[PDB]
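Protein chains in written order, with the deposited numbering: chain B, 1062 to 1111; chain A, 792 to 953.
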């Protein structure tokens, strides 16, 4: 039920700061209770790679 | 051929050169069939602006853009590079086929390294330069991006060593 989507990303491409999540569906019976976003509590790779 | 019998009846158009200090009446009244102009009455310090109109018959066309010439200073054919006037190179060629054009600008993928502006082609050359790193990847090696760093192999082993 808490479906997890692994973000696919190449390290050769520079990182990006995610801001919003759009979920699209065409069937009317899909009901969403809540979306989330998993990040690193250790390091942030955007503030250093300016 | 060099002398066709059909273009003999066409009268060529003429050019008249006007200077910002006015010349004498014996110089400004003549018309030049060719595009070559020489004058003798000059001063060592005063500047001169030249512009040439192109007449066909009695009608006079619009003037050319003026060129500022100093009898003491240089120009784009003197052989001395003057970077205060925007000259990247200065030779005596007056030919666009060379690495340095007649408008005192070097061509694409060329570099001139001397006072009379002899220029060489650097893309196929085997010597890396300061500016050649980010443009020519085929001479200075692989371009390391500003956010990353490349590290090459050390103590590498192969399979079919011979």
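Ideal placement from N, C-alpha and C gives every residue a C-beta, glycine not left out.
Q: Kindly indicate the opening and closing residues of the beta strand (DSSP E) around residue 858 of chain A.
A: On the second chain, position 67 is the one that residue 858 of chain A refers to. 858–861 is the span of the beta strand (DSSP E), which, as asked, contains residue 858 of chain A.
Q | Proximity below 8 Å, CB of residue 930 of chain A to CB of residue 916 of chain A | A | In the second chain, residue 930 of chain A corresponds to position 139, counting from 1. In the second chain, residue 916 of chain A corresponds to position 125, counting from 1. Yes, the Cβ-Cβ distance between residue 930 of chain A and residue 916 of chain A is below 8 Å.
Q: Look up residue 885 of chain A in the DSSP assignment and say whether it is helix, strand or coil.
A: By one-based count along the second chain, residue 885 of chain A stands at place 94. Residue state, collapsed to three classes: coil.
**Q.** Test item: CB-CB of residue 857 of chain A and residue 873 of chain A under 8 Å
**A.** Residue numbering aside, residue 857 of chain A sits at position 66 when the second chain is read from its first letter. Residue numbering aside, residue 873 of chain A sits at position 82 when the second chain is read from its first letter. No.
**Q.** Alpha-carbon to alpha-carbon, residue 845 of chain A and residue 803 of chain A
**A.** In the second chain, counting from the first residue as 1, residue 803 of chain A sits at position 12. In the second chain, counting from the first residue as 1, residue 845 of chain A sits at position 54. If you take the alpha carbons of residue 803 of chain A and residue 845 of chain A, they lie about 11 Å apart.
Q) Quick check: the segment 819–836 of chain A against the segment 792–802 of chain A, are there 3 or more CB pairs under 8 Å? A) no
Q. Buried or exposed: where does residue 913 of chain A fall if 16 or more other Cβ atoms within 10 Å of its Cβ makes it buried?
A. As a working mapping, residue 913 of chain A is identified with position 122 in the second chain. It counts as buried.
Q) Alpha carbon to alpha carbon, how far is residue 851 of chain A from residue 813 of chain A? A) By one-based count along the second chain, residue 851 of chain A stands at place 60. By one-based count along the second chain, residue 813 of chain A stands at place 22. Separation of residue 851 of chain A and residue 813 of chain A (C-alpha to C-alpha, rounded to the nearest whole angstrom) is 18 Å.
Q: Leaving out five residues on either side along the sequence, give the residues of the same chain with a beta carbon under 6 Å from the beta carbon of residue 828 of chain A.
A: The residue given as residue 828 of chain A occupies position 37 in the second chain. These residues qualify, in order along the chain: 808.
Q) Which residue spans inside the segment 802–841 of chain A form an unbroken alpha helix (DSSP H) run of at least 4? A) 816–819
Q | C-beta atoms of residue 905 of chain A and residue 895 of chain A nearer than 8 Å | A | In the second chain, the residue the question calls residue 905 of chain A occupies position 114. In the second chain, the residue the question calls residue 895 of chain A occupies position 104. Going by C-beta atoms, residue 905 of chain A is not nearer than 8 Å to residue 895 of chain A.
Q: Output the distance between the C-alpha atoms of residue 910 of chain A and residue 918 of chain A, rounded to the nearest integer angstrom.
A: If you number the second chain from 1, residue 910 of chain A lands on position 119. If you number the second chain from 1, residue 918 of chain A lands on position 127. Distance between the alpha carbons of residue 910 of chain A and residue 918 of chain A: 15 Å.
Q | Sub-8 Å separation of residue 843 of chain A and residue 866 of chain A beta-carbons | A | Within the second chain, the letter at position 52 stands for residue 843 of chain A. Within the second chain, the letter at position 75 stands for residue 866 of chain A. Taking 8 Å as the Cβ cut-off, residue 843 of chain A and residue 866 of chain A do not qualify as a contacting pair.
Q: Starting from the Cα of residue 810 of chain A, find the closest Cα among A/897, A/855 and A/793 and give me that residue.
A: Translated into the one-based positions of the second chain, residue 810 of chain A becomes position 19. Relative to the Cα of residue 810 of chain A, the nearest Cα in the group A/897, A/855 and A/793 belongs to A/855.
Q: List the residues that DSSP assigns as beta-bridge partners of residue 849 of chain A.
A: The sequence position of residue 849 of chain A within the second chain is 58, counting from 1. Per DSSP, none; premise fails for residue 849 of chain A.
Q. Looking only at DSSP bridge pairs, what is residue 902 of chain A linked to?
A. What you label residue 902 of chain A is simply residue 111 of the second chain in a count that begins at 1. Paired residues: A/911.
Q: Check the DSSP bridge columns for residue 931 of chain A and list the partner residues they point to.
A: Position 140 of the second chain, counted from the start, is the residue given in the question as residue 931 of chain A. None, per the DSSP bridge assignment.
Q.
I'd like to confirm the pairing. Which residues does DSSP put opposite residue 1066 of chain B in its beta bridges?
A. Position 5 of the first chain, counted from the start, is the residue given in the question as residue 1066 of chain B. Per DSSP, none; premise fails for residue 1066 of chain B.
Q. For residue 864 of chain A, is the classification buried or exposed, using 16 other Cβ atoms within 10 angstroms of its Cβ as the cut-off for buried?
A. By one-based count along the second chain, residue 864 of chain A stands at place 73. By the 10 Å Cβ count, residue 864 of chain A comes out exposed.
Q) Considering only the beta carbon of each residue, do residue 938 of chain A and residue 1075 of chain B sit closer than 8 Å? A) As a position in the second chain, residue 938 of chain A is number 147, starting the count at 1. As a position in the first chain, residue 1075 of chain B is number 14, starting the count at 1. Their beta carbons are under 8 Å apart, which means residue 938 of chain A touches residue 1075 of chain B by this criterion.
**Q.** Best match in A/949, A/870, A/876 and A/820 for proximity to residue 859 of chain A [C-alpha to C-alpha]
**A.** Along the second chain, one-based indexing puts residue 859 of chain A at 68. Closest by C-alpha distance to residue 859 of chain A, out of A/949, A/870, A/876 and A/820, is A/876.
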